[PDB]
Amino acid sequence: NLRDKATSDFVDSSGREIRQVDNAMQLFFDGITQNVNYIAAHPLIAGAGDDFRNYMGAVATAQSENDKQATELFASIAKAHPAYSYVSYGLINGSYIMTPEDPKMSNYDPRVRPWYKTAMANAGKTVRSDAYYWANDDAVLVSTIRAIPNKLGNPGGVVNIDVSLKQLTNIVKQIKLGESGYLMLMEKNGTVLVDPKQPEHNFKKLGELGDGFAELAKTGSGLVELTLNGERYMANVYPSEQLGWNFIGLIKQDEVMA
Amino acid sequence: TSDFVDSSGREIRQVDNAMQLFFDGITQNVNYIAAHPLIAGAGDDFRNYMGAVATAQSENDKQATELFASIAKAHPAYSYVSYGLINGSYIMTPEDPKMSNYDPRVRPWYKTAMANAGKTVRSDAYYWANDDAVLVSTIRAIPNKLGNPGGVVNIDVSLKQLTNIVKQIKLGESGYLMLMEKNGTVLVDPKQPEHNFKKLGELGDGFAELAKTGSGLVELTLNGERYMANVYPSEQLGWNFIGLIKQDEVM
Ligand code: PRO
Ligand code: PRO
Ligand SMILES: [Cl-]
């Protein structure tokens, strides 16, 4: 009874707080989605042809005036939005526009990248990618992407605004459940996006972690009682339908029972 | 009772953060528009609506209007995107070619920006009679070819749009939030939006009782039902959230 009341208070309180964090994250990504849709309708982008630089080999192809103008468009958007890591556009001929610009990039084909394949599978809709690694700058990124028509074909290319796991950690690290509790963020597939207490877990699979975290992977929703990191914890698994991610609120049982 | 204050505050804190992220997106797009070559490079050739009939539309006016229309199209929560200049000329979407007797320089969003040069800021809520709309602007005064500052960029959101956002926010199991300016002007009452842009103390019933509390708990009867309220100031938005939960639910 008293145990039940303390437990239901945690589940109720943490769920009510997490649902507002879910809403916050959705508004953040809504703004990104809307800016991808703005870029996708822009005349330099919707009207793109075969004259953008191609970085598939050792040296980029020659830079056209249209490439310069599209690069500057993306640069100006990125300047106004410091939470964006990259703004880019990959085309079906392998050409690419990117900010921060890298005139020296080599051996890069956007068409083989996971964000590009995801957009093509969802053509005409603006969606988010699974988290993926970008080796060149040692970065784990989540893309907001849209495959669009242009002069090369329909679909002709994919617009992409990238955010780093660092931006997600900013929103998540704020939440304190009591004095010991915290919030984890995972993809449905089990990939950890944010562990604010043990960031070494970032971009690893929940079902492959030690210390009891693998048992969290079995729960789709609601309360879990479990031992974690050598201590008794309670967890509240909160799925975000719209983000396609799961929040997990974690707290020491010691704190709940006091 | 004291648990309600602590519990509702934890929820409203994250609502505050959510609303900040919404407005942060608008601030950043104002800053984008501010640096655009059609805008930062604007001169003396935009349409002037101060008389009974607008002046003739130039090519630069056409291109700036199309820029704003494209931004607005991608952002449905934006009610207007506009730009007023120190010579009284004006660019706006949705475009109104028939507008008359309009000078942007006398308007509250414009004067607020000029009073905060160097910053992108929000206006107090203000009335736009031509569409019977109440709007909160995000503005920035900027240099252009006419002067430094030479004009003001403005993205407007209406109280109807804010009400759509706030309506969806739950508090506790059945509670809800009001959004208030510090001077008592209601921004959002999601249950009775006829209260929007009225003064709390003039709404009678229990609402006047909320009008005298700057922060913390209020126990009151709202529309014949006993309610508990937590008045929560937002430092960053400069508004108060009022979290309301029926006292039956609290106990
Ligand atoms: O990973 C990729 O393919 C792109 C390139 C810049 C960062 N994101
Ligand atoms: O009220 C004003 O002055 C501007 C005009 C469009 C709506 N906001
Ligand atoms: Cl309105």
Side-chain angles (χ1 to χ4, degrees), chain A residues 55-56 74 78 84-91 94 96-102 105-119 129-145 158-165, chain B residues 49-50 65 68 72 77-84 88 90-96 99-113 123-139 152-166 179 185-189 193-198:
Chain A
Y55 304 88
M56 291 169 56
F74 289 8
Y84 298 1
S85 292
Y86 305 87
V87 183
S88 62
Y89 180 37
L91 287 77
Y96 194 56
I97 305 290
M98 180 183 38
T99 193
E101 183 184 1
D102 189 357
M105 194 164 60
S106 63
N107 301 328
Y108 178 80
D109 186 350
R111 300 169 300 181
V112 307
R113 303 293 291 132
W115 56 266
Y116 183 104
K117 297 169 167 288
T118 294
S129 73
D130 288 339
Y132 67 92
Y133 185 67
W134 172 231
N136 260 15
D137 301 289
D138 186 37
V140 181
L141 306 171
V142 168
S143 304
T144 298
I145 48 228
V158 176
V159 173
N160 178 352
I161 296 177
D162 275 308
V163 299
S164 73
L165 292 193
Chain B
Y49 302 86
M50 288 173 65
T65 300
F68 287 5
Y78 295 2
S79 297
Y80 307 84
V81 183
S82 62
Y83 179 32
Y90 189 58
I91 301 292
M92 175 185 52
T93 194
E95 184 184 0
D96 185 8
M99 185 162 62
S100 55
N101 303 305
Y102 182 80
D103 182 350
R105 297 166 304 182
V106 311
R107 304 292 290 141
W109 55 269
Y110 186 104
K111 297 175 151 303
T112 293
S123 75
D124 289 353
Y126 69 95
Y127 183 60
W128 171 225
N130 296 28
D131 296 316
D132 187 43
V134 182
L135 307 164
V136 170
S137 295
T138 300
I139 53 266
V152 173
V153 168
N154 174 0
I155 294 175
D156 277 308
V157 172
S158 73
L159 290 194
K160 282 184 209 285
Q161 293 283 345
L162 291 188
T163 296
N164 282 347
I165 297 175
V166 171
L179 189 58
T185 294
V186 177
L187 295 174
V188 180
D189 184 335
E194 65 265 24
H195 295 159
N196 292 357
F197 209 49
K198 315 280 188 294

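In the text below, chain A, chain B and the rest are named by the order of the sequence lines, each starting its count at 1. One-based numbering, in listed order, for ligands and for the atoms of each.
When the salt bridge (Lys or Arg N to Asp or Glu O under 4.0 Å) test is applied to B:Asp131, no partner is found at least two apart in sequence or on another chain. For A:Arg113, there are no salt bridge (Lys or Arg N to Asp or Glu O under 4.0 Å) partners at least two apart in sequence or on another chain. With sequence neighbours left out, the salt bridge (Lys or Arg N to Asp or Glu O under 4.0 Å) criterion links A:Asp130 to no other residue.
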Go ahead and list the nitrogen or oxygen contacts between ligand 2 and the protein that come in under 3.5 Å, distances to 0.1 Å, or just say none.
residue	atom	partner	partner atom	Å
ligand 2	1 (O)	B:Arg107	NH2	2.9
ligand 2	3 (O)	B:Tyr102	OH	2.7
ligand 2	3 (O)	B:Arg107	NE	2.8
ligand 2	3 (O)	B:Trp109	NE1	2.9
ligand 2	8 (N)	B:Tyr126	OH	3.2
ligand 2	8 (N)	B:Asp156	OD2	3.0

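For the residue pair B:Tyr78 and B:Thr93, no side-chain donor N or O sits within less than 3.5 Å of a side-chain acceptor on the partner. Side-chain polar atoms of B:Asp156 and B:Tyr126 form a donor-acceptor pair below 3.5 angstrom.
Aromatic pair B:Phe197/B:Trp128: centroids not less than 6.0 angstrom apart.
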